[PDB]
């Protein structure tokens, strides 16, 4: 199973570690792109050296209570970073944005994947994505990402995620985006309580019925912090366990903050699955 973008390919035969590079106004400080660029390129370098095969560049925070970012603010931070990395390294670059101008401007500087947690729901996003012909990640979410509001109720969270996926795949094809260009992500922590999150992880293997790559992001999330009752900087062990459970079930891309450690853990999973008559646990 491979992805094709920007004259290159990504083989999904093994788990890939996607490192996170957030370049928001509150971190990519001192205003409209400071010498925070060296910082970003430095940070990327470490991630690559640690074994990341994909880097997720985002100019907007999607945490509860997060501010909205303007197209200008976003453009100012993401584009320069995407370009500097594309020019310097061979990694795959995914862009975490929901804005059509950022989508368009990103393809042009070499981005390989459009990771929109909003699944191209913003006016003009679907059309901008299609035009680029790049792979798109579709994520399940109930509500507004940045709501300090409570988690919905679900009749059955897994059935709802499944049906959402069917509907979104359809929407994409109707717009020109071939099913073969999609990645699916259940969206851990988004409009889901503790129970819902562990139900989605327990049954991850059942989402293979779509025959599409699966991307997951549990790193330092609430589903861990709540369970173990620990702060954000004390969640590495839990984070690692979630990555292993997902990978063991055949997830293809794991979004994380702790690249080195996850890569090691993934090396153990690969050794195991290769000795496993059918390459996956269910």
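Residue numbers count along the first chain shown, from 1. Take the two forms, find the largest set of C-alpha atoms that superpose within 1.5 Å, and that set is the rigid core.
RMS CA shift, core-fitted in 5 other deposited structures of this protein, bigger for 89-97 or for 181-189: Checking 89-97 against 181-189 in 5 other deposited structures of this protein, I find the farther stretch is 181-189.
Unresolved residue 34 in a third or more of other entries flanked by modelled residues: Result for residue 34: often missing, at least a third of the compared entries.
Gap at residue 162 across at least one third of the other PDB entries: In all of the other entries, residue 162 has coordinates.
12-20 versus 261-269 - greater average Cα B-factor per the deposited record: In the deposited entry, the stretch with the higher C-alpha B-factor mean is 12-20.
Stretch exceeding the other in mean C-alpha B-factor - 62-70, 217-225: Higher mean C-alpha B-factor in the PDB entry: 62-70.
Most elevated Cα B-factor in the entry, residues 212, 141, 113, 120: Within the set 212, 141, 113, 120, 141 shows the top C-alpha B-factor.
Selection by C-alpha B-factor (highest) of 160, 101, 150, 206: Spelled out: the listed residue with the top C-alpha B-factor is 150.
Third of the chain, ranked by Cα B-factor, where residue 94 sits: It belongs to the middle third of the chain when residues are ordered by C-alpha B-factor.
Chain third (lowest, middle, highest) by recorded CA B-factor, residue given as residue 237: Lowest third, going by the recorded CA B-factors of the chain.
Entry-reported Cα temperature factor of residue 250, expressed as the chain third it lands in: According to the entry, residue 250 has a C-alpha B-factor in the chain's lowest third.
CA B-factor placement of residue 86, once the chain's modelled residues are sorted into thirds: Top third by C-alpha B-factor.
Relative C-alpha B-factor of residue 243, binned into the chain's lowest, middle or highest third: CA B-factor rank for residue 243: lowest third.
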